[PDB]
Amino acid sequence: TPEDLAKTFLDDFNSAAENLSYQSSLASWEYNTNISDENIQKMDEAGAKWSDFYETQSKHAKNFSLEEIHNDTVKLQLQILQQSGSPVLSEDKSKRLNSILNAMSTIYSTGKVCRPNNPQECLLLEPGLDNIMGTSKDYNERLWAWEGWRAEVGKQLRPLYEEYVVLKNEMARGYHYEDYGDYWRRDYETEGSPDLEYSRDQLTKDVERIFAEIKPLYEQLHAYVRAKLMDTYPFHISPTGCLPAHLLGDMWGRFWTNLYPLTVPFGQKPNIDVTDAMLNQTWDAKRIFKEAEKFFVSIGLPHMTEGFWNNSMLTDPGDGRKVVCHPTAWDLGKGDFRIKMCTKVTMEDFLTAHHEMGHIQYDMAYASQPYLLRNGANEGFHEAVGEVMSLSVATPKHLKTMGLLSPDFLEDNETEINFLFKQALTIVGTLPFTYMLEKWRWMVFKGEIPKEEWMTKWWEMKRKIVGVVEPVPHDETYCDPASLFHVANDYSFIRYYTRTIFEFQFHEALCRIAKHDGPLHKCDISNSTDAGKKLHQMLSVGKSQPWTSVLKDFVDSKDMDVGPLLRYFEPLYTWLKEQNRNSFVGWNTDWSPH
Amino acid sequence: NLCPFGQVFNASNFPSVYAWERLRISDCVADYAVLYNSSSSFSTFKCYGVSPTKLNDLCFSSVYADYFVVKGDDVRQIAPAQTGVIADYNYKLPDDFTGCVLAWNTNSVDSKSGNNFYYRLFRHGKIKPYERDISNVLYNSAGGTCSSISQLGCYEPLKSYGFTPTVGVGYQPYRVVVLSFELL
Ligand SMILES: [Zn+2]
């Protein structure tokens, strides 16, 4: 029986990988809660004992033939095990590669842009360089904080990234992938039925096809953003060219959410802001997460565990704990789920208190799956569960029943645009930047972009795709793409493009089971146990089924659709046309601010 | 005298699943009234064959008590006609099992940094009703027997529970003690 030899091999794995990765994740938790020299050595030794167990069991899994296995449950577990382990890199280069990844994270985290007039005061990005880039409107002040981050963290990361694209390329060729970009397009890889089949190169065909349909909505959005920002920047914006890349939202221009004080459709209407409302009421950091539990439990999803509140670091601790506090939803294993996030009470953290609580109730859902099938259906499925809760909670009808909004806040025809334009800056405003950052790196790892033409084709794709132009000329001595957190710390960035397409494809599927009669942006799936049983049916499979089958049984479509995204903004896309009649819809590549 | 349930319910140290300890209790009188309303601590008080409140009037001879520690979601496998890992390799109860399987959470006490609880997880056969497999620390082969860990198809049976106090519910130590009320 070839099945039972591989059945008991996984039972040998699942009864030993569960304890070895739980001590690996507890040592990872201790590094991420208080950084010390005694915590890093406990982290990597447990992290290499689990890595030694990662590669030893992978070699034993390759002795099993997938053709003689006629059970799809254990074939998929063997497929992960046979195709993850034993890199082709030598002992010297693996220490070289781990030195680089620990240097690019150290340069990005400990890097700081000091003022050229006085280098004594110097912002280490937290706090600093985001209140400046998120609230200030001066052209000559944001130019310092943007170019300075491309200078201190740019020149110190370009030689580390030029060796990063070689060692990781050679590491990816050890698994017989062609490049490192093809190593990242394996969460979307699907083998199975011929109709429900998704190749690694069909992702590049589909994502380019989707952006050809986003761009009618984005260019009308980009024209209205440029017209409204022309009043705030009367001298440094051409009325028909590209926007400056440093005046948009965040520092890198990822989200446009900080432009809503400037680009506002109706300034005479009251805001939908919840930041001032929470501070005026009895609302602590527990009720940031306690009220978010009430939304998930209203639709039939289970409560948080009793050990969730005791073990998670929901707030920044005192007593001088040096903690990197990037918001991450930890699944430590053995039924233990935690959140590591230092919350600051605003509108942004209230939605990421559902995003990080969106990985939870997904990690809680596939706990009945085997250990290797305990991820999302892809990497875009995992990030879209939290953000589809950012569409039903952020509605003014749900905030009125929450009590955080005033009962006299009438939903006029002008407040249907103020909420919808704020959802266009966060969600539609990040789609071109997320696409080309995973189109620049997919060509850098392939070899379509040579190393002497990195920054040349980086900005040539910023102008053509996103519609942004550099305020200062950049040669090849700078590395602007590696200034982001997800690029310097070796993270896949195609999650945030594909989850957005799934953010509204899930949403329009949930609002037809919840029997919502009206527009898509007015939908609210709260207090509906029928729109949570179909969601939990999607969540409980994990990675057991291909994501083209999980999507087909949930939204009744096989491939990625952008029609649900366009129908969400169809009340806005009609309003964006009548405001862009006088202005020009488009951008010119040849214009330069300098 | 009274019934020695202090050494069963309130013992200092409980064993693991495979090496469970059997205590034969006979000719005793017990106060089942205070054990009937002890639901503030006992997470599981399922009974089979007899009512929970009617067994005090009935006189039982040679009452057995099999006490051990399993994880939180392994208390479902201490039921008659139940299939699973520890219901077939560690501790199997017959279909005519009469009595009350009693379990309660012990995450504070039985989940320290020095304790170690194991389960069988690998055996060539089905465990008989009320059969205690001895502490056989010998490597299980997929076919026949093996010698060392490096041989293919050769896995060690006794996989330990990762009992830390920070694990979630279901993977927390539950002290399970059955009361096989044999009659006549
Ligand atoms: Zn996330």
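Details of the structure are given in the entry above.
Residues numbered from 1 in each chain as written, not as in the entry; some residues may be left out. Chains lettered and ligands numbered in written order. Heavy atoms only, no water.

*Asks:* How would you sum up the overall build of chain A? Please name residues and give values.
*Replies:* Tallying secondary structure elements over chain A gives 26 helices and six strands in all. When its C-alpha atoms are laid out on the principal axes, chain A stretches across 75 × 55 × 55 Å. Out of the 594 residues belonging to chain A, those deemed buried represent 57%. Summarising the internal contacts of chain A: among those between residues at least 6 apart in sequence, 75% fall at separations of at least 24. As displayed, chain A offers around 25,200 Å² of accessible surface, 48% of which is attributable to carbon and sulfur atoms. Across chain A, 63 positive and 86 negative side-chain charges occur, with their mean positions spaced 1 Å apart. (Helix = DSSP H or I, 4+ residues; strand = E, 2+ residues; numbered from the N terminus. Buried < 20%, exposed > 50% of the residue type's maximum accessible area, 1.4 Å probe, protein only. Contact = heavy atoms within 4.5 Å. Areas by Shrake-Rupley, 256 points an atom, 1.4 Å probe, with all protein chains shown as cover. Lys, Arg positive; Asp, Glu negative; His and termini not counted. Charge placed at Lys NZ, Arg CZ, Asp CG, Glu CD.)

*Asks:* How would you sum up the overall build of chain B? Please name residues and give values.
*Replies:* Scanning chain B from terminus to terminus reveals two helices and nine strands. The C-alpha atoms of chain B give 17 Å as radius of gyration, which agrees with the globular expectation for 184 residues (16 Å, within 12%). Expressed as lengths along the three principal axes of its C-alpha atoms, the size of chain B is roughly 60 × 40 × 25 Å. The buried share of chain B, taken over its 184 residues, is 51%. Excluding contacts between residues fewer than 6 apart, the proportion of contacts in chain B whose partners are at least 24 apart in sequence is 78%. Total accessible area computed for chain B in this model is approximately 9,300 Å², and 51% of it derives from carbon and sulfur atoms. Each charge class in chain B was averaged separately, 15 positive and 15 negative side chains, and the resulting centres sit 5 Å apart. (Rg over C-alpha atoms; globule rule 2.2 N^0.38 Å.)

*Asks:* Let's hear about the coordination of the zinc ion: which residues, and what values?
*Replies:* Residue and element names in this part refer to chain A. Donor atoms from the polypeptide that coordinate the zinc ion comprise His355 (NE2), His359 (NE2) and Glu383 (OE), at 2.1 Å from the metal. Ordering the donors of the zinc ion by residue number gives the pattern H-x3-H-x23-E. With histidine 359 in helix α14 (residues 347-359) and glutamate 383 in helix α15 (residues 379-392), this pair connects stretches of sequence that are 24 residues apart. Here the two residues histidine 359 and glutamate 383 agree in accessibility, since each one is buried. (Donors = N, O, S within 2.8 Å, 3.2 Å for Na, K, Ca; no water.)

*Asks:* How would you sum up the interface of chain B and chain A? Please name residues and give values.
*Replies:* At the junction of the two partners, chain B supplies 17 residues and chain A supplies 20 residues. A combined buried area of about 1,500 Å² lies between chain B and chain A, and 55% of that area is made up of carbon and sulfur atoms. Ranking the residues of chain B by area buried against chain A places B:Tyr155, B:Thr166 and B:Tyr171 at the top, with a combined share of 36%. Seen at the junction of chain B and chain A, the total is one salt bridge. The residue B:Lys159 makes a salt bridge to A:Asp12 at a minimum N-O spacing of 3.0 Å. (Buried area = accessible area lost by both parts, 1.4 Å probe. Salt bridge = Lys/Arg side-chain N within 4 Å of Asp/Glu carboxyl O.)

*Asks:* Run through the packing of α15(A) against helix α21 (residues 495-513) of chain A, naming residues and quoting values.
*Replies:* All names here are of chain A. Contact geometry of α15 with α21 gives a least axis separation of 7 Å together with a crossing angle of 50°. Judged on the interaxial angle alone, α21 and α15 are oblique. In this structure, α15 meets α21 at a crossing whose hand is right-handed. Two secondary-structure elements touch here, α15 through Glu379, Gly380, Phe381, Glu383, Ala384, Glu387, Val388 and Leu391 and α21 through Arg495, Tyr496, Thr498, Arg499, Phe502, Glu503, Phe504, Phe506 and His507. In terms of residue class, the contact of α15 with α21 is made up of eight nonpolar, three polar and six charged. (Axes fitted to C-alpha atoms, helices over the stretch in contact; angles between N-to-C directions. Parallel < 35°, antiparallel > 145°, perpendicular 65-115°, else oblique. Left-handed = near helix turned anticlockwise from the far one by under 90°. Nonpolar A, V, L, I, M, F, W, Y, C, P; charged D, E, K, R; others polar.)

*Asks:* Describe the side chain of B:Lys92, naming the residues involved and giving the relevant values.
*Replies:* Residues and elements named next belong to chain B. The residue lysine 92 is located in the loop between β3 (63-70) and β4 (99-105) in this model. Of the side chains bearing the opposite charge, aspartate 95 lies closest to the buried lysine 92, which forms no salt bridge; the N-O distance is 4.4 Å. Apart from residues no more than four positions distant in its own chain, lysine 92 is found in contact with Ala87, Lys126, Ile127, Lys128, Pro129 and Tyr130.

*Asks:* Describe the state of the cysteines, with residues and values.
*Replies:* Here the structure, examined in full by the defined rule, presents six disulfides over all chains. Residue A:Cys325 pairs covalently with A:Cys342 via a disulfide, S to S 2.0 Å. Looking along the S-S bond of the A:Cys325-A:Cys342 disulfide, the torsion reads about 100°, which is the right-handed sense. With A:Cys325 in the loop between α13 (306-311) and β4 (328-333) and A:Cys342 in the loop between β5 (336-340) and α14, the pair connects residues that are 17 residues apart, well separated along the chain. In this model, B:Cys146 is linked to B:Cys154 through a disulfide, with the two sulfur atoms separated by 2.0 Å. Its S-S torsion of about 75° marks the bond between B:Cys146 and B:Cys154 as right-handed, since a negative value means left-handed. (Disulfide = S-S within 2.5 Å.)

*Asks:* Go over the nonpolar core, please, and point to the residues and values.
*Replies:* Ranked by internal contacts, the top residues of the largest apolar core, which has 168 residues, are A:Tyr161, A:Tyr164, A:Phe289, A:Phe381, A:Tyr497 and A:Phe506. Of all hydrophobic cores here, the second largest spans 62 residues; its members include A:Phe13, B:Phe68, B:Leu121 and B:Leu179. (Core = buried A, V, L, I, M, F, W, Y, C linked by side-chain atoms within 4.5 Å.)

*Asks:* Outline the sheet that holds β3(B), supporting the account with residue identities and numerical values.
*Replies:* All names here are of chain B. Spatially, the five strands line up as an open sheet ordered β1-β3-β9-β4-β2, and their pairing is antiparallel. What marks the edges here is a single partner per strand, and that holds for β1 (21-25) and β2 (42-48). For this sheet, the mean angle separating the axes of adjacent strands, direction not counted, is 15°. (Pairing = 2+ DSSP bridges.)

*Asks:* If you had to explain the pattern of salt bridges to someone new, which residues and values would you point to?
*Replies:* Applying the stated criterion across every chain yields a total of 35 salt bridges over all chains. Of the charged contacts, one joins B:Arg175 and B:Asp110 as a salt bridge, the two residues approaching to 2.4 Å between their closest N and O atoms. Taken together, the positions of B:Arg175 in strand β9 (residues 174-180) and B:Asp110 in the loop between β4 and β5 (118-119) put the pair 65 residues apart, joining distant regions of the chain. The pair B:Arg175 / B:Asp110 is uniform in exposure class, with both members buried. B:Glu131 serves as the salt-bridge partner of B:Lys128, at 3.5 Å between the closest nitrogen and oxygen. Look at B:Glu131 and you get buried, because its relative accessible area is 17%. Through salt bridges with shared partners, one network takes in A:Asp182, A:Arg185, A:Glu189 and A:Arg200.

*Asks:* Explain the packing of aromatic side chains to me, and be specific about the residues and the numbers.
*Replies:* Residues and elements named next belong to chain B. Summed over all chains, the structure comprises 62 aromatic pairs over all chains. Each ring, one from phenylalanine 9 and one from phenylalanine 42, has its centre 6.2 Å from the other, and the planes form 45°; the classification is tilted. Of the two residues, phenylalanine 9 is situated in helix α1 (residues 6-9) and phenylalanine 42 in strand β2; the sequence distance between them amounts to 33 residues. Residue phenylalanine 9 shares its accessibility class with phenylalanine 42, and that shared class is buried. Taking the centre distance of 5.5 Å and the plane angle of 25° together, the rings of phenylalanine 122 and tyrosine 155 count as stacked. Pair noted here: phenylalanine 122 is in the loop between β5 and β6 (140-141) and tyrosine 155 is in strand β7 (residues 154-155), with a separation of 33 residues, a long-range link. Each member of the pair, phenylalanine 122 as well as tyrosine 155, is classed as buried. (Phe/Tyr/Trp six-rings, centres within 6.5 Å; stacked < 30°, edge-to-face > 60°.)

*Asks:* Give me the lowdown on unusual backbone geometry, citing residues and values where you can.
*Replies:* Put simply, A:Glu126 and A:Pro127 share a cis peptide bond, and its omega is -5°. Here A:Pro127 is to be found in the loop between β2 (122-123) and α5 (132-135). Look at A:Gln361: it is not a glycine, yet its phi comes out positive at around 70°. Following the sequence through the fold, A:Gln361 ends up in the loop between α14 and α15. Even without a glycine there, the phi angle at B:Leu184 is positive, about 55°. With respect to the element layout, B:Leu184 can be found in the segment after β9. Since its relative accessible area comes to 90%, B:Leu184 is described here as exposed.

*Asks:* Lay out α14(A) with the relevant residues and their values.
*Replies:* Taking 1.5 Å of rise per residue, the 13 residues of α14(A) would be expected to cover 18 Å, and the 19 Å separating its terminal C-alpha atoms lies within 8% of that figure. Immediately downstream of α14(A), the backbone of A:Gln361 shows phi near 70°, a positive value. (Expected span 1.5 Å × (residues − 1).)

*Asks:* Can you lay out the pairing of β5(A) for me, pointing to particular residues and giving the numbers?
*Replies:* Residue and element names in this part refer to chain A. The element β5 is extensively covered by neighbouring structure, given that five of its five residues are classed as buried. Residues of β5 alternate between two faces, with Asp336, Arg338 and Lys340 on one and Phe337 and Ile339 on the opposite face, all of them buried. Pairing of β4 with β5, which is carried by five bridges, proceeds in the antiparallel orientation. Across the sheet, residue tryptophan 330 finds its bridge partner in β5, namely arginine 338. Between β4 and β5, which follow one another and run antiparallel, lie two residues, and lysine 334 among them has a positive phi close to 55°.

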